[PDB]
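A lone chain, given as structure tokens: the form deposited in one PDB entry.
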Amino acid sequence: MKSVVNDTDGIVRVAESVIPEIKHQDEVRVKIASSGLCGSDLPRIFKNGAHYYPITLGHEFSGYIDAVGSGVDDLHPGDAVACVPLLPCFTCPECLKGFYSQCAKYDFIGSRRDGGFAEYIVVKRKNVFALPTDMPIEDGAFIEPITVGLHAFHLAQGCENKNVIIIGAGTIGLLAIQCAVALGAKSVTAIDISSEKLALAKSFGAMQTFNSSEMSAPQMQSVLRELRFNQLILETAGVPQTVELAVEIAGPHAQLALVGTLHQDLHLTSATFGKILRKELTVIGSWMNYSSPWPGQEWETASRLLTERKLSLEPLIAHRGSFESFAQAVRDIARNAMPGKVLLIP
């Protein structure tokens, strides 16, 4: 079979390998239909940053059960599934309480072990999530990214009837925008430096957009006046300036979910820090995309939205293609910005 492997840095080869076999009673083999590229893979490929090389990445994928171990009885050949890439231990105090993303002894498909840029993959049963027969299998590769946004909403106790503000119009942000609309947010506002990403977000249901290269935080807070109550702000860009921005625009008692990891230090003036207190913000750190019971309601809601077609995936997809097409397109972007979602369709 084929697979995409990248080595000490840059080089993305397309490889031939022995079909992987089931080696534990709790494993299943998946035949992969759709597998997408993540923002987090770019560093692993083009800035070192991967746990080892050569490696096979890919943790956003769907497909069909091809075989199951002697111990799995609730799955069967033909069953549609999406990959659940994190594997917590399930038995430590964090896991018992449902804090799987704070488990210290973890594996992760496509990072700590090879992933789904491949024709077949063997994973633990725990690492697949059954999908309805009625969901287009290809959209299955979007479930893990969608759950990023839903997990933040879950932590905030839901986006319903709230004035949600999404900061960052990348795939995560844009998926969050569509979910907020589908789940009955009172309003959805999108904030980004690109007027193009913003128009896109507007086409997804954001009733208004703020271009943060043109509009001031005050300017924004001014526009936000009528919707300053019950805010749920999602910071998805992961840069000091947008974390700072979220705090400065925040309405009274706004919830602030951080899903974006920083790679530069955060410098909050005493004034900005003061606004966290003065406004009585609740800042919610969000990690990964899971809850109890495993893998979490986030995965059911995501699956449901996808099956009842409330989401619009095409404008998010930059590339469809098999192993060479995908490899090349991955090489094309390099250390630059990701156009949109790059899908591997074997």
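Start at 1 with the first residue shown and count on from there. Between two forms, the rigid core is the largest collection of C-alphas that superpose within 1.5 Å.
On average the C-alpha atoms of 72 to 80 have higher B-factors than those of the other stretch, with 152 to 160 and 72 to 80 being the two compared. Relative to one another, 257 to 265 and 207 to 215 have unequal mean CA B-factors, and 207 to 215 is the one with the higher figure. If you compare the C-alpha temperature factors of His59, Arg320, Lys31, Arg304 in the entry, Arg320 comes out highest. Of the candidates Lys186, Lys126, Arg112, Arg228, the PDB record gives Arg112 the highest C-alpha temperature factor. When the modelled residues of the chain are ordered by their C-alpha B factor, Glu244 lands in the lowest third. Per the PDB record, residue ranking by Cα B-factor puts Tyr106 in the highest third of the chain. Remark: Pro295 belongs to the lowest third of its chain, ranked by C-alpha B-factor as recorded.
In this PDB entry, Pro145 carries a Cα temperature factor that places it within the middle third of its chain's modelled residues. Placement of the Cα temperature factor of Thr282 within the chain: lowest third of the modelled residues, per the deposited record.
A second form of this protein, the form deposited in another entry, is not displayed here; the remarks below concern that form.
Comparing the forms between this form and the one not shown on their rigid core, the Cα displacement of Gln328 reaches 2 Å or more. Core-superposed comparison between this form and the one not shown: the C-alpha position of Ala50 differs by no less than 2 Å.
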